[PDB]
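**Q** Starting off with a structure, shown below.
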Amino acid sequence: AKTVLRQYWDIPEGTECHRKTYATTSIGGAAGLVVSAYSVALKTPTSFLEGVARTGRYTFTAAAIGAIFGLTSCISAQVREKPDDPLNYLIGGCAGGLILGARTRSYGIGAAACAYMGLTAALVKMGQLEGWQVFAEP
Amino acid sequence: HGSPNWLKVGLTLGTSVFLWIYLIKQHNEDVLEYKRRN
Amino acid sequence: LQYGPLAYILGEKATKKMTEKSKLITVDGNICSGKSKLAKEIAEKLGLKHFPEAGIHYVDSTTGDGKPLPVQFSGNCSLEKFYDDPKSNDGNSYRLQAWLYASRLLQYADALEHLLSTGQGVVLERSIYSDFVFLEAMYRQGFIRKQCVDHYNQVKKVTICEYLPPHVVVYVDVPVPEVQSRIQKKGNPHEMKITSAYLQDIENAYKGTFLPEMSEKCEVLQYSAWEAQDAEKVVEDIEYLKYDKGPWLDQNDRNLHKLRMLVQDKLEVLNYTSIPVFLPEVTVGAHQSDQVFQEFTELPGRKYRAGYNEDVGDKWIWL
Amino acid sequence: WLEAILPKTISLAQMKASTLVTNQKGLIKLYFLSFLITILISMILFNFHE
Amino acid sequence: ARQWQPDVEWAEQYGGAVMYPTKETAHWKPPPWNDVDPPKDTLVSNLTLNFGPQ
Amino acid sequence: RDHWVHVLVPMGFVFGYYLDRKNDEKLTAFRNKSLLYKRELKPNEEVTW
Amino acid sequence: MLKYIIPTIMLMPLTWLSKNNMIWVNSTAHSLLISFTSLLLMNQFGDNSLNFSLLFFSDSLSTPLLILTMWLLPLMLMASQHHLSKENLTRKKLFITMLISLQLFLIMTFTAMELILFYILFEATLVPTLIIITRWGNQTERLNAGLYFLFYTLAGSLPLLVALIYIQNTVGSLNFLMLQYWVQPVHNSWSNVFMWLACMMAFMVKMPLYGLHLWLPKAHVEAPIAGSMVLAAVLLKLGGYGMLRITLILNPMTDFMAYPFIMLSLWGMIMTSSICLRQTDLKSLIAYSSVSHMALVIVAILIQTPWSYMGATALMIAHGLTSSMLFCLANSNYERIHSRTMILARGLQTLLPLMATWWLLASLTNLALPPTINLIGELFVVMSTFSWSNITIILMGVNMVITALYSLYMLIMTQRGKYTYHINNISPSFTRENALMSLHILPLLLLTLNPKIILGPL
Amino acid sequence: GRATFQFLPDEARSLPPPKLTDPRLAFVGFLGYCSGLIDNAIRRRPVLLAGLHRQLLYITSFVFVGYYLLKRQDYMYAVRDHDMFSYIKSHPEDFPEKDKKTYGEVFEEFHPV
Amino acid sequence: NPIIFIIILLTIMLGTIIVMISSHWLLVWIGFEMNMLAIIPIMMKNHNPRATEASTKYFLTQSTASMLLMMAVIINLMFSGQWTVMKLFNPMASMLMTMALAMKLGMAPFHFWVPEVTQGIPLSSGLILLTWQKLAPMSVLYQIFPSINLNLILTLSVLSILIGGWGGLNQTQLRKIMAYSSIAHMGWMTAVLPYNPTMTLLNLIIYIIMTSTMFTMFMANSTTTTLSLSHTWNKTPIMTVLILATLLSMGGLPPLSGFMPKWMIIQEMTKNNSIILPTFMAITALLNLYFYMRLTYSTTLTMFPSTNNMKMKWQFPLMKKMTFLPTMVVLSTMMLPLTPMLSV
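Now the structure itself:
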C-alpha cells in the first residue's frame, strides 16, 4: 500500500544500500508476477495444469530488473560522490536496457529500455526534490 | 397559386410578433425595475 | 401505406383497403413470347393496373416530366450493343445487369406502395424473381465472367427480405422450336443471330430453375401452347380467380402477416417503400472493385459535374 | 537516423493496437474470468481500502 | 488524370476487417451487409409418438 | 442595380474607425499625469477625450 | 485594430457575392487597397510604444512585420491563378475564403496584447493551412505531409498551455505584456529547466533546429499549385518571433543551458546548406535555403545584447521576400515543363530573355551584396555574436562561402545550350509571369534607402 | 443562486439589461445566418437563396434566444462578485493593507550579461 | 406497436429522473434497476442473431453491475444505519461502489463490453440512447463526491483514456470507432471529479452534443468506412464539409469548441499544483486524434466513387435538430466564460 514503497523511501535513500535494494529488487519481481498472473484471465492457455508455469517462463523476469536497478544504486550510493544528484539516481535505469536485452534477443529494445526507462527514472527523485504533486487538492 | 401549406405559413411570423413583443414586454418592464429597486 | 407515426395511429389501411381485390400477380414470358400480347390485355377484366417491363429508361420514367436523358448520364451497356455478345470487350456485359437490376427492384418497390394506397391488383412483367433465367445463358454463354455472377448473387441474399411474393404467378405459353422464327419474323433488328445457347438453354432453365416459387406458397398457373389467344384468355380471366379465391393462399406470405393489424410486419413494408431512397440503399458498391462495375473519380467521373445544375431547378422564394 | 528514431514511435504504438484487439477476440468466458482478477487485485494493492 | 492519386487500392486497404496495422493475427469477417444473419437455424421435424395398443 | 457589391464595402473602414473612437470616452479616466501629460488648463485635453 | 480586421473580414463576402469570372479581379482590386490602411495609422512611435486598446496594440513594439503580412495576400491571386482555373467556381470561391481565413488571424496575431491570445491564435492556424496542403496537392505523397505538419506543430505546443496557465496564477496576471514591471527571475532547480524548456521548445519546432525539421521539406516539396499557400507558409514560419517577447523577459536569467541550442543549430547552419548541393528536385533546393539563414536567427535571439536585434529583425523579413520570391520562379518555369526535376529544364536564357534578370536579382540576394538589407541584416549578427566568443567567425564565416556556391549552381544550371526535345515552353512569360515576379525586387531593394523602418527597439 | 430551479430570480431587475446592437447578438444568429444558407444546401436546394420563409425564421429565433439568454449570463457574473466583496469586506484579518515603498529599497539580482 | 414504443421510450428517462431526484438509497437502486428492465426491447426490433447475442452480453454485464451496488448500499446500513445520499461512512462501501459502478460507464477495465454491444446491434438508428446511461451514473458521483479513495478514480481514469485511445486505431467499422473514443471522454470527466466537480458537467454537455450530432449525420445509410467514400460523389457534398467540420472539432483544435473542455479543465487541474498528471492526459488525447485524421482522409479525397450508382431521388429522413447542432458544436468557443458559472 502506500506501505512498501513509502517504507523503502523512508529507509536508506542514499545510504544503507542493502535493505533498500533487496527491497527494490523483490518488489520489481512481485510487480512482474501480477502481470504474468493477469495474462491468464484475458489470455487463455493450452499446456494444461502445468502450462501456467510454462507461460510464466516468459515472465521469468521483472524481478531481475528490479534487483539490478537497486543494485546499481546499492553499489553506488556513496560511491564517487552523492549519487543523490538528478543525473545519478538515473543510473539504475539504463542498466535496464542490458537487462531486457539479456532476457531476450538483441537490437530492438535494450537501448530503448536503457533509453526511456532511463529517462523516467530521474524524474521521481527530481519530483519530490522540488516538491511536485501528482494528485492534489487546494 | 404557389402551394405552401398556407396553414402554418405566417405562424412563424405571427410567433415572432409574440416573442419580440413579449421580449420587450419583459424588457421595457424590467428596465425600470433596476431604478425602482435601486 | 403509412405516413409517419402521426398519419397511422389515427387511421391506417390493413384489410380496409384490401377487399380481396388486392391479389398481386405476375407473368413470366420467354424471349419474344408473353411480352405485351396477353398480360397487357388483362387489366380489366378485374381492373388491375399494369406495369411496363424493363429497359434502361424506367427510372427516367419516374421523377418527371420526364423526358429521358442520354446514355452517358444513365449508364449501362446500352441495349443493342451487347447483342454482339462481347465476351471480349471493355467491358462490360455485367454492368448492364446492374442498371437492368437497379430498376428491376424499383418497379417491384413502386408496386408494393400502390396496393396499400389503393388496393388495385397489379400485374407485372418479369418481377425480381424470374430475372435469373438470363444468368444461366448469361453465365454459360461465356460473356459474363466469374465474380460478376456471384456479386449480384451476394446482392440477392441482401436485397430480398420483406417482399410478399406474387400470387397467381404464370409461366408463359411456349413455342416448341419457334422462337427462332418468332425473333425472326417480328423484326427486332438487333435481336439477332444469338444462337441455341441463349435460345435453348433458357428454356431448359425456365421451369427447372424458376420451379421453387412455382412450388412455393402462392398458387401458380402454367401453359405450354401458342398462347392464350381468345381461347384461354377468359379461362385465365374468371377461372384464374376461382383458383385465386377459395383455394388461393397456401402459407399466404402476402397476408401482411401476423402483424396484419397494421403492426411490425404490416406497415413496415409500406414505410420502407415510401421515399424509395432506402430501397436501393444496399445496392451501392462493395469494398473496391469487381473490375467491371465501376466509375473512376474524375476519369470518367465528370459525368456528375454536368448533371450537377442546381439539382433542384424550381422552388421559388417566399415559401 | 533522424527518421529512424521518431517514426519508430509510429510503428511502436501501431503494434500495441494489435495486442489490444487481436488477442481479445471472443469467448464470453474469457472476459468474465478477468473481471475477477481485477476486482480482487484492487483489494491487496493500495489505498483502495485505506 | 492529373491533379492527384485517389487510386485503385486505397479503398480495399480499409476493406472491412480488423485492418492489421503492422501485423495480422485473427480477422473477423465482412460483417453482414443487411440485418445480420450469419448463424445456424434450428428446426426439429416433429415428435414421433405412436399412440398404441392401449 | 447600383452595385452594392463594389466600393460600398470600403465604407466598412469609417464604420470601424468610428469604433476606435467609441472607447476613448471610457479610457478618459486619467487626465492627470506628470509627463506632459498635463490636461492642465487648455481646451485641448478637453477635445479628443 | 478593427480598422483592419473589419475590412478584411468585409472582404469575405466581397467574393462569392459577386458574379462569374469577375471574381478574381473583384477581390484582387480591393485587397490591394487595404495596404493604404496598412500603413495608415501605423508607423507611429517609435518611442514609448503605441497601445491603442485594452487587448490590442496592433504592432508597436518596433516589430512592424505586419505590413508584409498584408502584402502577400493579393500576391496570391496573381500567383495562384494558373491551374486553379480548371475546377468549379463554388470550390474556387472556397479557396479564396480559407486563404483569407488565414489572413485574418495573422492580423490578430502579432498584436495579441498578451500571451494567451497569442497561443490560441498561435495554434489557430493549421486549420486553414492543413486543408490547403492535403487538397490541391499534386503527388500522392501529400497525404503524409498532412500528418507530419501536425504531430509536431501541435505535438509540443500543448506544453505551452500547461506552462502559460502555470504562470497566469503564479505571478499576477499575464493578461498583458506591457505590464512586466514586476518580474522576478528564474534561478535554478530541476523544475525550472522544464519551465524554460516548456516555454521554448514549442517555438523551435516551427523555425527548425537541425533536429525536428524532418517535416519542412516534406510539406514544401509537395504542396499547392502556385506555392499558393507555400508563399504563406514562408510567412508562418518566421512568425515564431514571439520568442522575442518571452526570452527578453520571463526567465531572463537562465542562459545557463543555452549551449545545446547554440552548438546544435550553429553546426547545422554550416550543415544543412551543404546537404542542399546535390539535390535533384528544385523545390527541394530552395526549401533547404529556408532552414539555413533562417536558423541563424536562433543564435541571434538566444544571445542577449542588441546589435543582435538590430540584425535579427532585418532577417525575419530579409528572406521573408527573397525566400518567398524563389518559390515564385520555380513555380512559373514549372507551368511550362511538368517535371520539377532540376536537370530537365536546361537551355533556358535564350528562350525567355527578359526572365534572365529575374533569376539574377533573386540569386544575388542570397549572395547578399553589401548595399541591400541582407548583409546589413547579417552584419549586425556577426558583430555581436563575435563578441560572444571570437571563434564564431569561422563556422558562420564558412556559411558565407558554401552559400555562394549554393546559389550560383542554381542559376548557372539554366545557362547552357539546350534546344533539346522541347516543343513546349513557347509562352514568353505573359505579363503575370513577370508582374507577380516583380512587386518583390522593387519593394525589397527600395527599403535600403531609408532602412530605419526595419529595426527593433534594441 | 437562491430560489432554486429558476432561470432568473426577481433580483435581476437592477441590471442594465443587455440591450441590442451588441456585437454578439448581431453575431448570434449570424452563425445562424450562415446556418440558414446551409439549410438549403444539404438537399440540393439548389437555390443558395431559397424561400425566404425558411431563409428567415432562423435569424428571428437565435437573436431572440441569444438575447433572452444573455440577460441571465451578465447576472451571474454579478452575483459572483457580490458574494465576494461582502466576504472580502468582513474578515479584514484575512485581507492586509500593504505598505508603500519601492525605490531606494528593493534590490533585484543583479545579473547582466 | 407504435404507441407503446413511445411508452417504453418515455419510461427510460422516467427511469433516470428518479435517479437524479431522490434522497434515498433504495430509490437509486430501483431507479437504474428499471433501465436494464426497460432498455432491452429496443435492441430487438428486427429480431436478428446478433442483437439477441448482444443484449444478452449486455444484460448480465449490467445485472451484476447493479447487483453489487445493492451490496455496497447495505454495508453502511450496518454502520451508521442512516440511508440518504452522502459520503459512505465506510471504506468497503465506496471501493465497492465506484469500481463496481464503473461497469455501467465502462471505464478503463470493465470494457470488453462497449465494443461488443455497440458493434452489431442491428439497430443503428439509436444507439443514440447510450448517451442516457452516461447520464444516470454521474448523477450519483456528483453527490457522493466527497468520498473516494482518490488513488482509484484516477487509476481507472488514466488507464482508460489510454486504453480507449489505442483501441480504435486498428478499427474499420465506424460504429466501433465511436464506441471507442467514448471510453476516452470518460477519462477526462472522472479524472477531474474530486477537484471542483463542476467543469465536469461542462465536459459532460459538450460531449452529449458532439457525439449526438455524429450519429444523426451517420444516419442516412452510412455504415462502414468504405461506404463513407461513396458519399461525396453520390449523396451530397454539403454533407462532407460537415463531417469534416466536426470529426476534427471532436478531438479538438482551439478555433473550434472541441478545445473548450480541455482549455478550462487544466485551469483546474493545475492551480492544484498537479502539473505532472495533466500533460500525460493532455498528450495522450493526441493519438486519440489519429483516428479522425485518416477517417477524414476517406471522404475529401474522392476515393473511387462506388460504382455506377445513381441516386436521383431526394431525401426523406428525420434530420431533426441537425440543422442546429454544428453551429453550437463548433462556434461556441468565442462565446462563453459562462459554462463554469452558468451550471454551478
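Protein chains in written order, with the authors' numbering: chain T, 2 to 139; chain i, 36 to 73; chain S, 24 to 342; chain 6, 557 to 606; chain B, 34 to 87; chain X, 8 to 56; chain 4, 1 to 458; chain j, 7 to 119; chain 2, 2 to 345. Built from N, CA and C at the ideal position, the CB exists for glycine as well.
Suppose you measure from the CA of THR132 (chain 2) to the CA of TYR208 (chain 2); what does that come to, to the nearest Å?
**A** 9 Å
**Q** I think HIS605 (chain 6) touches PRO195 (chain 2), with their Cβ atoms under 8 Å apart; what is that distance to the nearest whole Å?
**A** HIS605 (chain 6) to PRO195 (chain 2), Cβ: 18 Å. No contact.
**Q** Give the residues of chain 2 in contact with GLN287 (chain S), contact being defined as C-beta atoms less than 7 Å apart.
**A** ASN2
**Q** Are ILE66 (chain T) and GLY97 (chain T) touching if we call contact CB-CB under 8 Å?
**A** Yes, the pair counts as a contact, with Cβ atoms nearer than the cut-off.
**Q** By Cβ distance, which residues of its chain are closer than 6 Å to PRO306 (chain 4), with the 5 residues on each side in sequence left out?
**A** Excluding positions up to five away in sequence, the list reads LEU458.
**Q** Any residues in the stretch 222-254 of chain 4 with a beta carbon nearer than 8 Å to a beta carbon of chain 2? Which ones, in chain order?
**A** Here the close residues number zero.
**Q** Do the stretch 60-71 of chain 4 and the stretch 35-52 of chain 4 make contact, defined as three or more Cβ pairs closer than 8 Å?
**A** Yes, they touch.
**Q** Compute the minimum distance between the beta carbon of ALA569 (chain 6) and the heavy atoms of the ligand PLP, and state whether it is under 7 Å.
**A** In terms of ligand content, the structure shown is empty, and the ligand PLP therefore cannot be addressed.
**Q** Note down, in chain order, every chain 2 residue with its Cβ under 8 Å from the Cβ of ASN603 (chain 6).
**A** Think of a sphere of 8 Å around the beta carbon of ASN603 (chain 6): the chain 2 residues whose beta carbon falls inside it are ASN150, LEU151, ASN152, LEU153, in chain order.
**Q** What residues in the stretch 41-52 of chain 2 have a beta carbon less than 9 Å from any beta carbon of chain T?
**A** none
**Q** How is the alpha helix (DSSP H) around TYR327 (chain S) delimited, first residue to last?
**A** 326-329
**Q** With 8 Å set as the bound, which would you pick, yes or no: does the beta-carbon of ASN138 (chain 4) sit closer than that to a beta-carbon of chain B?
**A** yes
**Q** What residues in its chain sit with their C-beta under 6 Å from that of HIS60 (chain B), if we drop five residues either side in the sequence?
**A** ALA50, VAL51
**Q** What's the gap between the Cα of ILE249 (chain 4) and the Cα of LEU302 (chain 4)?
**A** Put simply, the backbone Cα of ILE249 (chain 4) is about 12 Å away from that of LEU302 (chain 4).
**Q** Is the separation between the beta-carbon of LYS46 (chain 2) and that of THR119 (chain 2) shorter than 8 Å?
**A** no
**Q** With distances taken Cα to Cα, identify the nearest neighbour of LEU65 (chain 4) among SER265 (chain 4), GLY242 (chain 4), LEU11 (chain 4).
**A** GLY242 (chain 4)
**Q** What distance in whole Å lies between the Cβ atoms of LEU17 (chain 4) and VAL14 (chain X), which are believed to be in contact at a cut-off of 8 Å?
**A** Actually they are not in contact, since the Cβ atoms of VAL14 (chain X) and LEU17 (chain 4) sit about 14 Å apart, beyond 8 Å.
**Q** Is there contact here, the stretch 189-197 of chain S with the stretch 240-247 of chain S, by at least three beta-carbon pairs under 8 Å?
**A** yes
**Q** Kindly give me the distance between the Cβ atoms of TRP114 (chain 2) and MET71 (chain 2), rounded to whole angstroms, as I take these residues to be in contact under 8 Å.
**A** 20 Å between Cβ atoms; not a contact.
**Q** Along the chain, where does the alpha helix (DSSP H) that runs through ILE9 (chain 2) open and close?
**A** 5-21 is the extent of the alpha helix (DSSP H) around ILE9 (chain 2).
**Q** Near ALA287 (chain 4), what residues of its chain come up, given a Cβ to Cβ distance below 7 Å and the 5 sequence neighbours on each side ignored?
**A** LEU216, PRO217, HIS220, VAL221
**Q** Going by Cα to Cα distance, which pick from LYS63 (chain S), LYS169 (chain S), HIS174 (chain S), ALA160 (chain S) is closest to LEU222 (chain S)?
**A** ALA160 (chain S)
**Q** Is the CB of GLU131 (chain T) under 8 Å away from at least one CB in chain 4?
**A** yes
**Q** Assuming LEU266 (chain 4) and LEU395 (chain 4) are in contact, meaning their beta carbons sit under 8 Å apart, how far apart are those beta carbons, in whole angstroms?
**A** 6 Å
**Q** What separation, rounded to the nearest whole angstrom, lies between the Cα atoms of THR341 (chain 4) and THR322 (chain 4)?
**A** Roughly 22 Å separates the two Cα atoms.
**Q** What does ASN171 (chain 2) touch in chain B if you count any residue whose Cβ is under 7 Å from its own?
**A** Those within 7 Å of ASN171 (chain 2) in chain B are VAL51, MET52, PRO54.
**Q** Going by the CB atoms, is the gap between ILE373 (chain 4) and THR448 (chain 4) shorter than 8 Å?
**A** yes
**Q** So, does the stretch 89-109 of chain 2 touch the stretch 50-70 of chain 2, judging by three or more C-beta pairs under 8 Å?
**A** yes
**Q** Contact criterion: CB-CB distance below 8 Å. Does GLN38 (chain B) meet it with respect to chain 4?
**A** yes
**Q** What residues in the stretch 97-130 of chain S have a beta carbon less than 9 Å from any beta carbon of chain 2?
**A** So the list reads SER97, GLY98, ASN99, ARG118, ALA121, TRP122, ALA125, given in the order they occur along the chain.
**Q** Interface residues of chain j around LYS338 (chain S) at Cβ under 8 Å?
**A** Going along chain j in sequence order, the residues near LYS338 (chain S) (Cβ under 8 Å) are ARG51, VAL53, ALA56, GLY57.
**Q** Output, in chain order, the set of chain T residues within a Cβ distance shorter than 8 Å of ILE18 (chain 2).
**A** The contacting residues do not exist; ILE18 (chain 2) stays about 32 Å from chain T at best.
**Q** Could you give the distance in angstroms between the alpha-carbon of residue 1 (chain 2) and the alpha-carbon of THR45 (chain T)?
**A** The question about residue 1 (chain 2) has no answer, for chain 2 in this structure spans 2 to 345.
**Q** Assign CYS184 (chain S) to one of two classes, buried (16 or more other C-beta atoms within 10 Å of its C-beta) or exposed (fewer than that).
**A** exposed
**Q** Could one say the Cβ of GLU123 (chain 4) lies closer than 8 Å to chain 2's Cβ atoms, at least one of them?
**A** yes
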